[PDB]
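Before any questions on binding or motion, here is one chain by itself as structure tokens, the form deposited without D-mannitol.
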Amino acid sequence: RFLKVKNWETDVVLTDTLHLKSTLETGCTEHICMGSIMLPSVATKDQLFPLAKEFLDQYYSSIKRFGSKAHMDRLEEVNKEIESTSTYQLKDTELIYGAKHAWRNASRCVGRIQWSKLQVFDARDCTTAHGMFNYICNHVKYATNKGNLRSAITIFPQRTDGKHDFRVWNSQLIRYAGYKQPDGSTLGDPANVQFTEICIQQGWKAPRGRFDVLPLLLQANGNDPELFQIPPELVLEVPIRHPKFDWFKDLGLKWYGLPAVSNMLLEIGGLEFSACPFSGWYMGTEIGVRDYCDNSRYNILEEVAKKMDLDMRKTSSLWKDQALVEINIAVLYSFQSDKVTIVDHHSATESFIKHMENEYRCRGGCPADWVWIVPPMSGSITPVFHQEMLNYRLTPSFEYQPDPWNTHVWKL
């Protein structure tokens, strides 16, 4: 019950004890492992104080005032507020702590070496969709910082009864539009055709092109959501060129600078923040491999191999592989030459190994999801391929949640 994880490139072994503090369930049993399933399987007052207590015990353990009176009174204070209101409110300091540690515990995140440099924006006084748009714009402007990207999170009011929720319906703050065609094919991003749908169904007059930035669909206090278009001066975009292949520009491609997940739920001490958009900087493969070359996304391996003069008749000519490397050297090169923060999969996966080392040392482990930590190209020549990893759920945490256009009791 004090398990070992081995590196088979360097023979390094580390002992994981942190998994004992694990609480939630993984989906695996003694008889079946689900480590490759993408997402496997209202709260009451009685359930709440345990979670509040457990969170408060580790927060006070963190600043080395574990059993102080400040702890004991905060324990009693939160209990009384869960008695009086059946819920409770986080101190500003407990909100920053819980947010940083939700990132820290995100086992599918390879970037977590940065987990303690997170700017937390307290948006819990927001009441209207216009207010969110304002908070969200301030987040985009800050996090972007003129290409010197900065990591940030904006935390909107916590769930209360359930039907007053606050949701950003967008899956990312900044995404390109998806338009099906009359001939069946797709313009823009096929991932977003169902979301691009609702925007038009709500009055978005679409500039039916490729890289059309979508409008924010913000829902406040369970009310029907409302469209707001981000000032284009705040949407920083990088035009993609190759450092050797001059025909690259005629491909006419670009991506946005800022990756910002907006569809997840932040859980802290048993309180649920259903709108918590958070941003970092891109690892290059997210764009060059998945965004551009997923079959059901932009799907550009066809044209890149064309202008490279490649043997596309035979599968075993690895034309697909060869065009995938060039695309990623160019995504990397274009961001760097505009001073926009980006990290290659080699540097990122090395840092995560080093971070993992710090976590086993000063924390006793580090929950990691191999299936997600290994980059989607050149796997075994990055050091995370050869690193055994233990996956387990720790809290505070980011969780998935139903897409809001399936839950919502819609009306007007």
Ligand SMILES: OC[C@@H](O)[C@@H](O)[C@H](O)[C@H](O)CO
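Residue indices: 1-based, along the sequence shown.
Keep in mind the form deposited with D-mannitol bound is missing from the figure; the text below concerns it.
A.B. asks: Taking 4.5 Å between heavy atoms as the contact cutoff, choose which of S274, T144, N328, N192 touches D-mannitol in the deposited bound form.
C.D. replies: In short, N192.
A.B. asks: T87 near D-mannitol in the deposited bound form, any heavy atom under 4.5 Å?
C.D. replies: Output for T87 is no: heavy atoms all beyond 4.5 Å of D-mannitol.
A.B. asks: In the deposited bound form, is there a heavy atom of D-mannitol that lies within 4.5 Å of any heavy atom of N263, even though the partner is absent here?
C.D. replies: Residue-level check for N263: yes, a contact with D-mannitol.
A.B. asks: Although the partner isn't part of this model, could you tell me whether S171 comes within 4.5 Å of D-mannitol in the deposited bound form, counting any heavy atom of the residue?
C.D. replies: It does: once D-mannitol is placed as it appears in the deposited bound form, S171 has a heavy atom within 4.5 Å of it.
A.B. asks: Exactly one stretch in 222-230, 330-338, 241-249, 184-192 has heavy atoms within 4.5 Å of D-mannitol in the deposited bound form; which is it?
C.D. replies: Stretch with heavy atoms near the partner: 184-192.
A.B. asks: Counting only heavy atoms, which residues in 373-406 are within 4.5 Å of D-mannitol in the deposited bound form?
C.D. replies: Residues within 4.5 Å: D403, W405.
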